[PDB]
file upload.cif (mmCIF, N, CA and C atoms)
data_work
#
loop_
_atom_site.label_atom_id
_atom_site.label_comp_id
_atom_site.auth_asym_id
_atom_site.auth_seq_id
_atom_site.Cartn_x
_atom_site.Cartn_y
_atom_site.Cartn_z
N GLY A 911 -35.11 -18.71 29.48
CA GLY A 911 -35.17 -17.42 30.14
C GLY A 911 -33.85 -16.67 30.08
N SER A 912 -33.45 -16.11 31.21
CA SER A 912 -32.20 -15.36 31.29
C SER A 912 -30.99 -16.29 31.24
N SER A 913 -30.34 -16.35 30.08
CA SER A 913 -29.18 -17.21 29.91
C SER A 913 -28.00 -16.71 30.74
N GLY A 914 -27.76 -17.38 31.87
CA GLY A 914 -26.67 -17.00 32.74
C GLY A 914 -25.43 -17.85 32.53
N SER A 915 -24.29 -17.19 32.35
CA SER A 915 -23.03 -17.89 32.13
C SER A 915 -22.42 -18.35 33.45
N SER A 916 -21.94 -19.59 33.47
CA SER A 916 -21.34 -20.15 34.67
C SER A 916 -20.02 -20.84 34.35
N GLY A 917 -19.31 -21.28 35.39
CA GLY A 917 -18.04 -21.95 35.19
C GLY A 917 -17.94 -23.24 35.99
N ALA A 918 -17.89 -23.12 37.31
CA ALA A 918 -17.79 -24.28 38.18
C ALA A 918 -18.35 -23.98 39.57
N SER A 919 -19.32 -24.77 40.00
CA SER A 919 -19.93 -24.58 41.31
C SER A 919 -20.36 -25.92 41.91
N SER A 920 -19.74 -26.28 43.03
CA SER A 920 -20.06 -27.53 43.71
C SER A 920 -20.30 -27.31 45.20
N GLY A 921 -21.22 -28.08 45.76
CA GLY A 921 -21.54 -27.95 47.17
C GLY A 921 -20.42 -28.47 48.06
N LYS A 922 -20.48 -28.11 49.34
CA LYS A 922 -19.47 -28.55 50.30
C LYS A 922 -20.07 -28.70 51.69
N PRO A 923 -19.48 -29.59 52.50
CA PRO A 923 -19.94 -29.86 53.87
C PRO A 923 -19.68 -28.68 54.81
N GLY A 924 -19.88 -28.91 56.10
CA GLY A 924 -19.67 -27.86 57.08
C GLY A 924 -20.96 -27.33 57.67
N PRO A 925 -20.93 -26.09 58.18
CA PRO A 925 -22.10 -25.45 58.78
C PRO A 925 -23.16 -25.10 57.75
N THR A 926 -24.29 -24.58 58.22
CA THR A 926 -25.39 -24.20 57.34
C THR A 926 -25.28 -22.74 56.92
N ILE A 927 -25.12 -22.52 55.62
CA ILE A 927 -25.00 -21.16 55.09
C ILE A 927 -26.35 -20.66 54.58
N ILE A 928 -26.75 -19.48 55.05
CA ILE A 928 -28.02 -18.89 54.64
C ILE A 928 -27.79 -17.73 53.68
N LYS A 929 -28.73 -17.53 52.76
CA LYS A 929 -28.64 -16.46 51.78
C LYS A 929 -29.73 -15.41 52.02
N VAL A 930 -29.31 -14.16 52.18
CA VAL A 930 -30.25 -13.07 52.41
C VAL A 930 -30.39 -12.19 51.17
N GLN A 931 -31.63 -11.93 50.77
CA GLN A 931 -31.89 -11.11 49.60
C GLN A 931 -33.03 -10.13 49.86
N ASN A 932 -33.23 -9.20 48.94
CA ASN A 932 -34.29 -8.21 49.08
C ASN A 932 -34.01 -7.27 50.25
N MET A 933 -32.80 -6.72 50.28
CA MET A 933 -32.41 -5.81 51.35
C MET A 933 -32.10 -4.42 50.79
N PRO A 934 -32.66 -3.38 51.43
CA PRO A 934 -32.45 -1.99 51.01
C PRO A 934 -31.03 -1.51 51.26
N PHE A 935 -30.68 -0.36 50.70
CA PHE A 935 -29.35 0.20 50.86
C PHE A 935 -29.11 0.62 52.31
N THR A 936 -30.19 0.99 53.00
CA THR A 936 -30.09 1.41 54.39
C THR A 936 -29.52 0.31 55.26
N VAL A 937 -29.70 -0.94 54.83
CA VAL A 937 -29.20 -2.09 55.57
C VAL A 937 -27.72 -1.92 55.91
N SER A 938 -27.35 -2.34 57.11
CA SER A 938 -25.96 -2.24 57.56
C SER A 938 -25.57 -3.44 58.41
N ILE A 939 -24.27 -3.58 58.67
CA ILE A 939 -23.77 -4.69 59.46
C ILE A 939 -24.43 -4.73 60.84
N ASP A 940 -24.59 -3.55 61.44
CA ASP A 940 -25.21 -3.45 62.76
C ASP A 940 -26.66 -3.92 62.71
N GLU A 941 -27.39 -3.47 61.70
CA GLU A 941 -28.79 -3.85 61.54
C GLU A 941 -28.93 -5.35 61.35
N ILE A 942 -28.06 -5.92 60.53
CA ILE A 942 -28.09 -7.36 60.26
C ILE A 942 -27.86 -8.16 61.53
N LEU A 943 -26.82 -7.80 62.28
CA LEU A 943 -26.50 -8.48 63.52
C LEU A 943 -27.68 -8.47 64.48
N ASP A 944 -28.36 -7.33 64.55
CA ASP A 944 -29.52 -7.18 65.43
C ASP A 944 -30.71 -7.96 64.89
N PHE A 945 -30.79 -8.07 63.56
CA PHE A 945 -31.88 -8.79 62.92
C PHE A 945 -31.85 -10.27 63.29
N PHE A 946 -30.64 -10.82 63.39
CA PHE A 946 -30.47 -12.23 63.73
C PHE A 946 -30.32 -12.41 65.24
N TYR A 947 -30.71 -11.39 65.99
CA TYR A 947 -30.62 -11.43 67.44
C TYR A 947 -31.28 -12.69 68.00
N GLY A 948 -30.80 -13.15 69.15
CA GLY A 948 -31.35 -14.34 69.76
C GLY A 948 -30.66 -15.60 69.30
N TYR A 949 -30.32 -15.66 68.02
CA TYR A 949 -29.65 -16.82 67.45
C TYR A 949 -28.14 -16.63 67.44
N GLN A 950 -27.41 -17.71 67.67
CA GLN A 950 -25.95 -17.66 67.69
C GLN A 950 -25.39 -17.61 66.27
N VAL A 951 -25.01 -16.42 65.83
CA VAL A 951 -24.46 -16.23 64.49
C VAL A 951 -22.94 -16.32 64.51
N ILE A 952 -22.40 -17.20 63.67
CA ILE A 952 -20.95 -17.38 63.59
C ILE A 952 -20.25 -16.06 63.28
N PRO A 953 -19.12 -15.82 63.96
CA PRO A 953 -18.33 -14.60 63.77
C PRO A 953 -17.64 -14.55 62.41
N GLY A 954 -17.65 -13.38 61.79
CA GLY A 954 -17.02 -13.22 60.49
C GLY A 954 -17.86 -13.81 59.37
N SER A 955 -18.92 -14.52 59.73
CA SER A 955 -19.80 -15.14 58.75
C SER A 955 -20.49 -14.09 57.90
N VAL A 956 -21.20 -13.18 58.55
CA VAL A 956 -21.91 -12.11 57.85
C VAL A 956 -21.06 -11.54 56.72
N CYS A 957 -21.35 -11.98 55.50
CA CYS A 957 -20.62 -11.51 54.33
C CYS A 957 -21.52 -10.70 53.41
N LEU A 958 -21.27 -9.39 53.34
CA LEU A 958 -22.07 -8.50 52.50
C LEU A 958 -21.51 -8.46 51.08
N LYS A 959 -22.40 -8.59 50.10
CA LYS A 959 -21.99 -8.56 48.70
C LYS A 959 -22.20 -7.17 48.10
N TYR A 960 -21.24 -6.72 47.31
CA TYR A 960 -21.32 -5.41 46.68
C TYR A 960 -21.13 -5.52 45.17
N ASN A 961 -21.64 -4.53 44.44
CA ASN A 961 -21.52 -4.51 42.99
C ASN A 961 -20.07 -4.32 42.56
N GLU A 962 -19.85 -4.26 41.25
CA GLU A 962 -18.51 -4.07 40.71
C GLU A 962 -17.91 -2.76 41.20
N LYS A 963 -18.75 -1.74 41.35
CA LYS A 963 -18.30 -0.43 41.81
C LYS A 963 -17.95 -0.47 43.30
N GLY A 964 -18.71 -1.25 44.06
CA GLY A 964 -18.46 -1.36 45.49
C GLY A 964 -19.71 -1.11 46.32
N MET A 965 -20.74 -0.56 45.68
CA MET A 965 -22.00 -0.28 46.37
C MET A 965 -22.69 -1.57 46.79
N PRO A 966 -23.56 -1.47 47.81
CA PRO A 966 -24.30 -2.62 48.33
C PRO A 966 -25.36 -3.12 47.35
N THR A 967 -25.35 -4.42 47.10
CA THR A 967 -26.30 -5.03 46.18
C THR A 967 -27.53 -5.54 46.92
N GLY A 968 -27.60 -5.24 48.21
CA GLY A 968 -28.73 -5.68 49.01
C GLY A 968 -28.72 -7.17 49.28
N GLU A 969 -27.53 -7.77 49.22
CA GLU A 969 -27.39 -9.20 49.45
C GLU A 969 -26.39 -9.47 50.57
N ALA A 970 -26.64 -10.52 51.34
CA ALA A 970 -25.76 -10.89 52.45
C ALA A 970 -25.80 -12.39 52.70
N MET A 971 -24.70 -12.92 53.23
CA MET A 971 -24.61 -14.35 53.52
C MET A 971 -24.20 -14.58 54.97
N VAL A 972 -24.76 -15.63 55.58
CA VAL A 972 -24.45 -15.97 56.96
C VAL A 972 -24.26 -17.47 57.14
N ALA A 973 -23.65 -17.86 58.26
CA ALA A 973 -23.41 -19.27 58.54
C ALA A 973 -23.94 -19.64 59.92
N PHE A 974 -24.24 -20.92 60.11
CA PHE A 974 -24.75 -21.41 61.38
C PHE A 974 -24.10 -22.74 61.76
N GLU A 975 -23.75 -22.88 63.04
CA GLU A 975 -23.12 -24.10 63.52
C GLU A 975 -24.13 -25.25 63.59
N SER A 976 -25.39 -24.91 63.84
CA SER A 976 -26.44 -25.91 63.93
C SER A 976 -27.50 -25.69 62.85
N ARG A 977 -27.83 -26.75 62.13
CA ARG A 977 -28.82 -26.67 61.07
C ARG A 977 -30.19 -26.30 61.63
N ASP A 978 -30.54 -26.88 62.77
CA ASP A 978 -31.82 -26.60 63.41
C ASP A 978 -31.97 -25.11 63.70
N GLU A 979 -30.89 -24.48 64.14
CA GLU A 979 -30.91 -23.06 64.45
C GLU A 979 -31.11 -22.23 63.19
N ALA A 980 -30.37 -22.57 62.14
CA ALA A 980 -30.47 -21.85 60.87
C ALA A 980 -31.89 -21.90 60.33
N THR A 981 -32.47 -23.10 60.30
CA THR A 981 -33.83 -23.28 59.80
C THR A 981 -34.84 -22.53 60.66
N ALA A 982 -34.68 -22.63 61.97
CA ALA A 982 -35.58 -21.96 62.91
C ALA A 982 -35.52 -20.45 62.73
N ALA A 983 -34.31 -19.91 62.67
CA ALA A 983 -34.11 -18.47 62.50
C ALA A 983 -34.71 -17.99 61.18
N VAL A 984 -34.49 -18.76 60.12
CA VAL A 984 -35.00 -18.41 58.81
C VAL A 984 -36.52 -18.36 58.80
N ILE A 985 -37.15 -19.40 59.35
CA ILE A 985 -38.60 -19.48 59.41
C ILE A 985 -39.17 -18.38 60.31
N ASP A 986 -38.51 -18.15 61.44
CA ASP A 986 -38.95 -17.13 62.39
C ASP A 986 -38.63 -15.73 61.86
N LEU A 987 -37.64 -15.65 60.98
CA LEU A 987 -37.24 -14.37 60.40
C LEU A 987 -37.46 -14.36 58.89
N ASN A 988 -38.33 -15.25 58.42
CA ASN A 988 -38.63 -15.35 57.00
C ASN A 988 -39.64 -14.28 56.59
N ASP A 989 -39.25 -13.43 55.65
CA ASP A 989 -40.12 -12.36 55.17
C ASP A 989 -40.25 -11.25 56.22
N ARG A 990 -39.15 -10.95 56.89
CA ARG A 990 -39.14 -9.91 57.91
C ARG A 990 -38.97 -8.53 57.29
N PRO A 991 -39.86 -7.60 57.65
CA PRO A 991 -39.83 -6.22 57.14
C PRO A 991 -38.64 -5.43 57.67
N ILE A 992 -37.51 -5.53 56.98
CA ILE A 992 -36.30 -4.82 57.39
C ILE A 992 -36.28 -3.40 56.84
N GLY A 993 -36.17 -2.42 57.73
CA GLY A 993 -36.14 -1.03 57.31
C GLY A 993 -37.42 -0.61 56.61
N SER A 994 -37.41 -0.69 55.28
CA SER A 994 -38.58 -0.31 54.49
C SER A 994 -38.94 -1.41 53.50
N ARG A 995 -38.14 -2.47 53.47
CA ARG A 995 -38.37 -3.59 52.57
C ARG A 995 -38.24 -4.92 53.31
N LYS A 996 -38.88 -5.95 52.77
CA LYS A 996 -38.83 -7.28 53.37
C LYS A 996 -37.62 -8.06 52.88
N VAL A 997 -37.02 -8.85 53.77
CA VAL A 997 -35.86 -9.65 53.42
C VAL A 997 -36.24 -11.10 53.17
N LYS A 998 -35.48 -11.78 52.32
CA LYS A 998 -35.74 -13.17 52.00
C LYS A 998 -34.60 -14.06 52.47
N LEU A 999 -34.93 -15.07 53.27
CA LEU A 999 -33.93 -16.00 53.79
C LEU A 999 -34.09 -17.38 53.17
N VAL A 1000 -32.99 -17.93 52.66
CA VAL A 1000 -33.01 -19.25 52.04
C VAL A 1000 -31.87 -20.12 52.56
N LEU A 1001 -32.17 -21.39 52.82
CA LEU A 1001 -31.17 -22.32 53.32
C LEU A 1001 -30.20 -22.72 52.21
N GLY A 1002 -28.92 -22.87 52.57
CA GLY A 1002 -27.92 -23.25 51.60
C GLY A 1002 -28.09 -24.68 51.11
N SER A 1003 -27.72 -25.63 51.96
CA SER A 1003 -27.82 -27.04 51.61
C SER A 1003 -29.28 -27.44 51.40
N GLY A 1004 -29.50 -28.46 50.58
CA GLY A 1004 -30.85 -28.92 50.30
C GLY A 1004 -31.25 -28.70 48.86
N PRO A 1005 -32.50 -29.08 48.53
CA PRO A 1005 -33.43 -29.67 49.49
C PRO A 1005 -33.02 -31.07 49.92
N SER A 1006 -31.98 -31.60 49.27
CA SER A 1006 -31.49 -32.93 49.57
C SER A 1006 -30.67 -32.93 50.86
N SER A 1007 -31.05 -33.79 51.80
CA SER A 1007 -30.36 -33.88 53.08
C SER A 1007 -29.38 -35.05 53.08
N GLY A 1008 -28.11 -34.74 53.35
CA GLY A 1008 -27.09 -35.78 53.38
C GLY A 1008 -27.20 -36.67 54.60
#
call {"tool": "encode", "arguments": {"input": "upload.cif", "output": "structure tokens"}}
result
Amino acid sequence: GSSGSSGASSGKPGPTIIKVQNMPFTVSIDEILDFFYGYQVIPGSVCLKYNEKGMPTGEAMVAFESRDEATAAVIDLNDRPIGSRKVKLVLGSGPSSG
């Protein structure tokens, strides 16, 4: 398929990092914080990714102190209609559990 070039990527311990995709340009830091409402989201975690130019690529990353919380939030917020489009949440570590 799409031949993607890579260099070096290895997993690491720590909290549970979640990956958010399928997000419209309207999405903002405020909206994201409110989207994960109820769950304890680590400060400074919310990392928004932008293109080479600087514009929003509709992607964001978050971290969680507890794996149970991350999984629960993802499942409870999995396929949530954000703004005008649905967002996709995926767990970082796995599927292999250490």
call {"tool": "residues_around", "arguments": {"input": "upload.cif", "residues": "residue 986 in chain A", "least_positions_apart": "4", "cutoff": "12 Å", "atoms": "only C-alpha atoms", "output": "list in words"}}
result
residues 945, 946, 947, 948, 949, 978, 979, 980, 981, 982, 990, 998 and 999 of chain A
call {"tool": "atom_distance", "arguments": {"input": "upload.cif", "atom1": "atom C of residue 950 in chain A", "atom2": "CA of residue 965 in chain A"}}
result
26.6 Å
call {"tool": "residues_around", "arguments": {"input": "upload.cif", "residues": "residue 970 in chain A", "least_positions_apart": "3", "cutoff": "8 Å", "atoms": "all atoms listed in the file", "output": "list in words"}}
result
residues 928, 929, 930, 931, 932, 933, 955, 956, 957, 958, 959, 960 and 967 of chain A
call {"tool": "select_by_dssp", "arguments": {"input": "upload.cif", "residues": "chain A", "states": "strand (DSSP E or B)", "output": "ChimeraX atom specification"}}
result
/A:926-931,957-960,966-974,991-992,995-996,998-1001
call {"tool": "closest_residue", "arguments": {"input": "upload.cif", "among": "A:983, A:921, A:940, A:911", "to": "residue 1006 in chain A", "atoms": "only C-alpha atoms"}}
result
A:921
call {"tool": "select_by_dssp", "arguments": {"input": "upload.cif", "residues": "chain A", "states": "helix (DSSP H, G or I)", "output": "list in words"}}
result
residues 939, 940, 941, 942, 943, 944, 945, 977, 978, 979, 980, 981, 982, 983, 984, 985 and 986 of chain A
call {"tool": "closest_residue", "arguments": {"input": "upload.cif", "among": "A:938, A:976, A:988, A:926", "to": "residue 1002 in chain A", "atoms": "all atoms listed in the file"}}
result
A:926
call {"tool": "closest_residue", "arguments": {"input": "upload.cif", "among": "A:984, A:923, A:952, A:966", "to": "residue 1000 in chain A", "atoms": "all atoms listed in the file"}}
result
A:984
